[PDB]
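Written below as structure tokens is the structure these notes are about.
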Amino acid sequence: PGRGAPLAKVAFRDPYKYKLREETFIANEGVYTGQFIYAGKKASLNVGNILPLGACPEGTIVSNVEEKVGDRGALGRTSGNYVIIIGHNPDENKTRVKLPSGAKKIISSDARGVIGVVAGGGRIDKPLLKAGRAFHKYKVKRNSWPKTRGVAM
Amino acid sequence: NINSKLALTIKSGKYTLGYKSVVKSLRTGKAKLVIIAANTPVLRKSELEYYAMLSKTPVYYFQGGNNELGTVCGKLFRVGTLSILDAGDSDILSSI
Amino acid sequence: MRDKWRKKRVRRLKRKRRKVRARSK
Amino acid sequence: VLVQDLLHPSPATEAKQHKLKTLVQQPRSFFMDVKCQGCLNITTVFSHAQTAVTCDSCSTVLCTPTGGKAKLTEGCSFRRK
Amino acid sequence: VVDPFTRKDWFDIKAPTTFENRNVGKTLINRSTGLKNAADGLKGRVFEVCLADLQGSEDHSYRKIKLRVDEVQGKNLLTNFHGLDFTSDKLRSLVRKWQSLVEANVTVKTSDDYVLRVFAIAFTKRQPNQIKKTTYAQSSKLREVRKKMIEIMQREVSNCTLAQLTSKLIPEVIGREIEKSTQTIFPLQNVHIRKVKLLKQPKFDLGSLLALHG
Amino acid sequence: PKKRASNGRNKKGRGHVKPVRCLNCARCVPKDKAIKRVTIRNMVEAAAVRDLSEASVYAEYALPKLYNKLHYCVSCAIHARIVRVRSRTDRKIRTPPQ
Amino acid sequence: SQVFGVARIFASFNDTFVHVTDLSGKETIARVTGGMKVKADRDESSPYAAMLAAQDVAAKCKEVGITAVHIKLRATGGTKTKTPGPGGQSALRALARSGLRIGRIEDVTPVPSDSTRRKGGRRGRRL
Amino acid sequence: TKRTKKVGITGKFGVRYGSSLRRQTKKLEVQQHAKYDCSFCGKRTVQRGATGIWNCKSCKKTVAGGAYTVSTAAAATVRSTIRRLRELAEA
RNA sequence: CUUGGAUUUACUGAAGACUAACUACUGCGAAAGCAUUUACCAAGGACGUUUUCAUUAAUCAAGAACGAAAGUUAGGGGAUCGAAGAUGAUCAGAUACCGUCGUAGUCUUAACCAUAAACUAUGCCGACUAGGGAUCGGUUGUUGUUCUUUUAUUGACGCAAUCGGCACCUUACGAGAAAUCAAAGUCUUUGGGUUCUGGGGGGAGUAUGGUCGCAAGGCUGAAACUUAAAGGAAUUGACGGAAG
Ligand SMILES: [Mg+2]
Ligand SMILES: [Mg+2]
Ligand SMILES: [Mg+2]
Ligand SMILES: [Mg+2]
Ligand SMILES: [Mg+2]
Ligand SMILES: [Mg+2]
Ligand SMILES: [Mg+2]
Ligand SMILES: [Mg+2]
Ligand SMILES: [Mg+2]
Ligand SMILES: [Mg+2]
Ligand SMILES: [Mg+2]
Ligand SMILES: [Mg+2]
Ligand SMILES: [Mg+2]
Ligand SMILES: [Mg+2]
Ligand SMILES: [Mg+2]
Ligand SMILES: [Mg+2]
Ligand SMILES: [Mg+2]
Ligand SMILES: [Mg+2]
Ligand SMILES: [Mg+2]
Ligand SMILES: [Mg+2]
Ligand SMILES: [Mg+2]
Ligand SMILES: [Mg+2]
Ligand SMILES: [Mg+2]
Ligand SMILES: [Mg+2]
Ligand SMILES: [Mg+2]
Ligand SMILES: [Mg+2]
Ligand SMILES: [Mg+2]
Ligand SMILES: [Mg+2]
Ligand SMILES: [Mg+2]
Ligand SMILES: [Mg+2]
Ligand SMILES: [Mg+2]
Ligand SMILES: [Mg+2]
Ligand SMILES: [Mg+2]
Ligand SMILES: [Mg+2]
Ligand SMILES: [Mg+2]
Ligand SMILES: [Mg+2]
Ligand SMILES: [Mg+2]
Ligand SMILES: [Mg+2]
Ligand SMILES: [Mg+2]
Ligand SMILES: [Mg+2]
Ligand SMILES: [Mg+2]
Ligand SMILES: [Mg+2]
Ligand SMILES: [Zn+2]
Ligand SMILES: [Zn+2]
Ligand SMILES: [Zn+2]
């Protein structure tokens with residue numbers, strides 16, 4: 001609730017103790033229940049896998065990209081949005097990407113991202129048609145609706 | 001091309017359609033070939049080819065799904081797998 | 001006058017009739 | 001030419017005509033007896049064959065179909081029937 | 001007010017040993033100061049010199065070579081191969097009417113991992129006894145010729161280093177092999193490698209370059 | 001009435017031909033209709049071909065030619081005398097002038 | 001033998017550029033245009049102005065040490081005309097007659113392997 | 001019989017909100033209430049939960065999709081691009 | 001726009017378009033249309049055929065599919081050109097022609113629109129009437145030619161036939177008012193089959209009704225009134241800021 005993007009619950013094994021760890025990822029479109037998700041430097045280029053930015057060739061579409069190494073995802077997290085990898089600078093270990101706003105950013109090549117587009121896109125294509133629809137939309141987001149015009153006060 | 005050869009076997013020979021019939025036909029050794037649709041679950045697939053390995057039966061992997069495999073056999077339903085009991089006028093067995 | 005511009009003149013004048021007639025819809 | 005024997009055209013000029021434009025249309029194709037070099041077995045083959053004909057004894061292709069007349073393989077001699 | 005030419009230092013440009021006349025010419029640059037060395041701002045320069053000049057013979061008058069400087073040793077500039085191109089007038093003199101033009105290109109890497117794009121061009125040849133006005137090849141033959149060009153450039157580049165290939169380009173080895181290989185497809189004339197582009201270079205090896213300079 | 005049997009172009013058995021821009025006025029003209037002249041001129045005028053050969057550092061260096069293909073529309077070409085008005089019977093002649 | 005520069009001559013129909021660089025072309029030795037020799041716009045591309053422009057370039061070349069040049073003549077190119085302007089022929093003859101030695105000559109006019117749209121409109125420039 | 005000439009599913013909105021908004025709603029609301037073909041079992045049993053969530057009744061496989069369709073065109077483009085870029089990297 | 005370094009020059013990068021030269025009285029498609037390579041997908045004409053079915057057909061109100069450009073709706077893109085708009089010129093005036101900017105548009109994805117001098121201003125099917133040289137595709141017989149590779153079973157070229165095309169040249173049996181036409185001929189010696197349209201010029205593709213369209217508009221479509229001409233082809237002349 002409050003999110004246009006669906007979330008995926010993915011279960012991993014703990015490498016050091018006998019326990020299951022459930023992670024909450026932002027679901028990329030095409031990810032299914034029972035799918036194997038591979039995360040790491042040596043992960044393969046498959047939809048839903050989590051890879052460092054340097055391991056992805058130019059033109060790779062990626063989502064939930066880390067702004068800084070290990071922050072677990074900052075960029076391109078809303079439904080239908082994604083990040084395009086523009087190019088690499090291996091000498092400085094840096095990668096150039098294009099953000100959903102159209103801005104180009106330089107990130108460490110060790111930063112991670114999830115291959116694909118965030119699911120739920122095209123949500124904005126439909127009119128809300130009613131004040132009640134917006135009421136229910138913001139009922140699980142925050143108290144920012146409705147807005148009185150300052151010129152009317 | 002392989003579709004034309006398979007259609008002749010359905011018209012003239014003997015066959016069973018479906019997972020339960022195929023496993024029975026692998027147990028009795030009456031299967032000459034096992035055809036598995038592309039979208040069949042791997043667990044059922046990896047089990048069907050373990051039965052064929054034990055039964056010494058060649059397996060052909062159809063390139064389409066169980067919707068396309070059914071219509072190739074002239075059926076109005078979905079066929080996830082089938083076994084050829086008697087290749088008749090066709091030479092599908094000679095083409096694997 | 002040019003035949004092409006005469007057609008445009010009538011089309012613009014047809015447009016006016018429709019807007020004028022719409023008053024009494 | 002105002003006067004001309006339409007019923008008895010010159011057979012030389014009659015043969016240059018298209019196959020449908022003769023007095024009586026007649027195919028220019030024929031059937032052949034083909035000897036492959038490997039063995040000796042009469043096999044009747046159409047001159048304009050569309051099939052890769054194989055002799056019964058050994059499964060070796062005798063001819064390959066083309067746009068017009070079929071092309072006999074090397075070592076194969078034909079005699080018109 | 002200052003005459004900026006009083007502060008310029010001249011350097012000599014040396015071509016690799018693959019060519020004959022290795023004394024290409026002279027260039028200049030702002031003299032080396034404390035803040036900026038002349039050497040670092042001088043590497044990366046590209047010189048375009050006619051191949052007929054690098055070999056003396058006028059038979060190479062229609063090809064012009066780009067030489068890239070990537071090491072400076074005092075007043076000498078150690079250049080490397082940077083690209084190949086035809087002169088504009090030669091190409092315009094080859095493209096006549098009543099004949100077919102066929103082109104092909106392929107991206108291929110050498111033994112030492114030099115990524116190149118190589119452009120091949122050829123024209124249909126009129127037979128000595130030909131009577132008809134035009135000399136056109138059917139599109140199926142052109143696809144086979146284009147296919148034949150690509151597999152020859154791919155084969156003759158990936159199996160050798162860039163220096164041997166440079167020695168291959170000068171006598172039109174690839175162009176002569178394409179003409180020979182397409183004899184059974186269609187008669188061809190003016191088979192040329194009309195342009196070569198360096199796209200990617202391997203990690204710099206000064207020792208390998210120094211071997212190309214004596 | 002119909003002035004020319006070719007309609008002033010070279011389109012037969014075709015629906016549409018993509019246009020080209022006139023060299024002189026940049027008017028869009030169909031490729032078959034444009035008056036096209038192929039010129040291969042010496043790059044150096046004949047007055048200067050001697051002193052430039054003497055100034056050449058190369059003994060026996062052949063001066064390159066200048067290759068160009070010019071496309072003109074009907075108004076530009078007629079104005080520039082590239083083509084001229086011919087008599088009613090002389091219009092049919094389409095061999096190159098001798 | 002000789003010391004070569006590169007005389008990059010850009011001859012449009014409104015002006016004439018006589019530009020001599022080094023072999024790389026990254027270093028400019030002398031750039032005199034036909035517009036620096038006349039005060040009328042209509043003859044910035046005149047043959048007379050191009051000859052004067054070339055002489056100033058040749059004089060500048062001599063005091064720096066350039067004794068020979070290669071010629072790379074170009075027209076406007078791009079979507080516009082590919083034929084060189086009237087001053088390009090004069091600047092070449094003036095350079096040869098000024099004691100400078102001439103090397104290779106090439107046309108390097110920008111020619112498209114296709115073309116973006118050209119100005120003037122569908123109907124051309126109506127005069 | 002045919003009940004509505006053109007409004008279709010948007011007849012629930014009556015005369016309100018404007019025709020342009022209603023015909024834009026009709027296009028996307030047919031897509032979100034449709035049944036789609038399952039890529040796993042082959043049946044046409046896939047329906048939407050919330051946006052981006054598409055479940056199959058038969059094999060009980062849920063896949064993340066678009067807001068109003070199981071797959072958007074951008075994802076289909078990305079799927080082939082990733083497939084293509086994967087081939088070159090793995091030779 | 002420029003000493004705040006313009007223009008120019010070399011090297012490098014990014015964006016969108018677009019496919020130059022090859023390119024033609026050449027090819028393909030129902031038409032609109034189609035020009036970088038390769039891969040994949042499904043089509044198509046012609047030719048060859050001693051294969052197969054046997055009248056299944058020809059043209060078609062109604063009704064469908066497609067339909068340049070421009071234009072509309074919503075995203076994306078927005079390099080270049082560029083309606084509108086703004087500007088510098090010119091002029092007596094110039095909202096224009098010329099010059100500089102420039103928004104929609106131009107590109108693309110989902111839908112709309114359904115019009116062009118959408119032209120060959122020339123319906124389709126069938127038969128016949130005349131010669132010639134070229135050309136594209138296919139097939140069949142044959143070289144003082146070049147080439148695989150040294151030759152064939154390589155491919156190119158050359159010479160003949162043929163079917164089909166895109167056309168062209170000559171003639172006028174014949175047609176036409178003529179310009180011209182191998183169809184615009186086989187029409188007072190008037191009938192092979194069939195679809196559509198016109199009836200002096202305007203008013204007028206206007207008004208109205210219907211119908212399609214978000215709109216712009218599309219399709220269908222009068223009447224009053226007015227008039228002796230309007231128009232086609234060609235001839236002579238006159239004139240032309242057309243050529244010789
Ligand atoms: Mg955060
Ligand atoms: Mg509130
Ligand atoms: Mg408010
Ligand atoms: Mg507000
Ligand atoms: Mg108040
Ligand atoms: Mg099933
Ligand atoms: Mg009013
Ligand atoms: Mg071959
Ligand atoms: Mg006239
Ligand atoms: Mg046609
Ligand atoms: Mg048209
Ligand atoms: Mg047209
Ligand atoms: Mg013309
Ligand atoms: Mg000027
Ligand atoms: Mg100027
Ligand atoms: Mg001045
Ligand atoms: Mg002044
Ligand atoms: Mg170029
Ligand atoms: Mg502009
Ligand atoms: Mg004029
Ligand atoms: Mg009811
Ligand atoms: Mg590009
Ligand atoms: Mg062609
Ligand atoms: Mg091209
Ligand atoms: Mg109709
Ligand atoms: Mg359009
Ligand atoms: Mg359109
Ligand atoms: Mg448009
Ligand atoms: Mg838009
Ligand atoms: Mg204006
Ligand atoms: Mg004014
Ligand atoms: Mg019409
Ligand atoms: Mg026309
Ligand atoms: Mg032929
Ligand atoms: Mg014979
Ligand atoms: Mg061969
Ligand atoms: Mg061959
Ligand atoms: Mg009447
Ligand atoms: Mg009337
Ligand atoms: Mg009226
Ligand atoms: Mg309406
Ligand atoms: Mg008249
Ligand atoms: Zn045999
Ligand atoms: Zn023009
Ligand atoms: Zn399912």
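Quick note on naming: the chains in the structure tokens go A, B, ... in the order shown, residues restart at 1 in each chain, and ligands are numbered from 1 in order of appearance.
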
Check: which chain I residues lie within 12 Å of chain A using only C-alpha atoms (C1' of nucleotides), as a PDB file with N, CA and C atoms (P, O5', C5', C4', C3', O3' and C1' of nucleotides), in the first residue's frame:
ATOM      1  P     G I  13      35.242   8.894 -30.126  1.00  0.00           P
ATOM      2  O5'   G I  13      34.019   9.514 -29.317  1.00  0.00           O
ATOM      3  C5'   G I  13      33.964   9.408 -27.901  1.00  0.00           C
ATOM      4  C4'   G I  13      32.951  10.355 -27.300  1.00  0.00           C
ATOM      5  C3'   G I  13      31.517  10.206 -27.778  1.00  0.00           C
ATOM      6  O3'   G I  13      30.836   9.121 -27.173  1.00  0.00           O
ATOM      7  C1'   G I  13      32.104  12.493 -27.705  1.00  0.00           C
ATOM      8  P     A I  14      29.630   8.391 -27.943  1.00  0.00           P
ATOM      9  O5'   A I  14      28.391   9.363 -27.740  1.00  0.00           O
ATOM     10  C5'   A I  14      28.040   9.848 -26.456  1.00  0.00           C
ATOM     11  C4'   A I  14      26.890  10.814 -26.550  1.00  0.00           C
ATOM     12  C3'   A I  14      25.802  10.419 -27.532  1.00  0.00           C
ATOM     13  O3'   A I  14      24.910   9.469 -26.991  1.00  0.00           O
ATOM     14  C1'   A I  14      26.336  12.700 -27.827  1.00  0.00           C
ATOM     15  P     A I  74      -4.108  15.309 -26.056  1.00  0.00           P
ATOM     16  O5'   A I  74      -3.339  14.057 -25.460  1.00  0.00           O
ATOM     17  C5'   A I  74      -4.014  13.103 -24.663  1.00  0.00           C
ATOM     18  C4'   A I  74      -3.194  11.849 -24.515  1.00  0.00           C
ATOM     19  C3'   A I  74      -1.716  12.050 -24.253  1.00  0.00           C
ATOM     20  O3'   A I  74      -1.475  12.360 -22.903  1.00  0.00           O
ATOM     21  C1'   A I  74      -2.014  10.361 -25.878  1.00  0.00           C
ATOM     22  P     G I  75      -0.072  12.985 -22.505  1.00  0.00           P
ATOM     23  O5'   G I  75       0.864  11.716 -22.376  1.00  0.00           O
ATOM     24  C5'   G I  75       2.253  11.834 -22.600  1.00  0.00           C
ATOM     25  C4'   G I  75       2.862  10.476 -22.766  1.00  0.00           C
ATOM     26  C3'   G I  75       4.316  10.432 -23.186  1.00  0.00           C
ATOM     27  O3'   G I  75       5.196  10.645 -22.108  1.00  0.00           O
ATOM     28  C1'   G I  75       3.094   8.968 -24.543  1.00  0.00           C
TER      29        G I  75
END

Quick one: everything within 7 Å of residue 42 (chain D), counting only C-alpha atoms (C1' of nucleotides), minus sequence neighbours fewer than 6 positions away in the same chain. Send it as a count of residues only. 3

Among region 36-147 of chain A, which residues does DSSP mark as helix (DSSP H, G or I) when it is run on the backbone? Keep the chain and numbering as in the structure and answer as a PyMOL selection string. chain A and resi 53-55+123-125+131-138

Write out as a PyMOL selection string every residue belonging to chain I that has an atom at most 12 Å from any atom of chain C, counting only C-alpha atoms (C1' of nucleotides). chain I and resi 204-207+215-217

Same residues, C-alpha atoms (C1' of nucleotides), saved as a PDB file, in the first residue's frame:
ATOM      1  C1'   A I 204     -22.632  25.026 -56.829  1.00  0.00           C
ATOM      2  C1'   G I 205     -20.321  20.639 -54.753  1.00  0.00           C
ATOM      3  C1'   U I 206     -23.712  26.048 -52.381  1.00  0.00           C
ATOM      4  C1'   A I 207     -28.483  25.259 -48.943  1.00  0.00           C
ATOM      5  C1'   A I 215     -12.355  18.084 -34.694  1.00  0.00           C
ATOM      6  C1'   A I 216     -10.698  19.668 -39.238  1.00  0.00           C
ATOM      7  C1'   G I 217     -13.792  17.641 -42.328  1.00  0.00           C
TER       8        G I 217
END

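Between CA of residue 34 (chain F) and CA of residue 73 (chain F) the interatomic distance comes to 5.4 Å.
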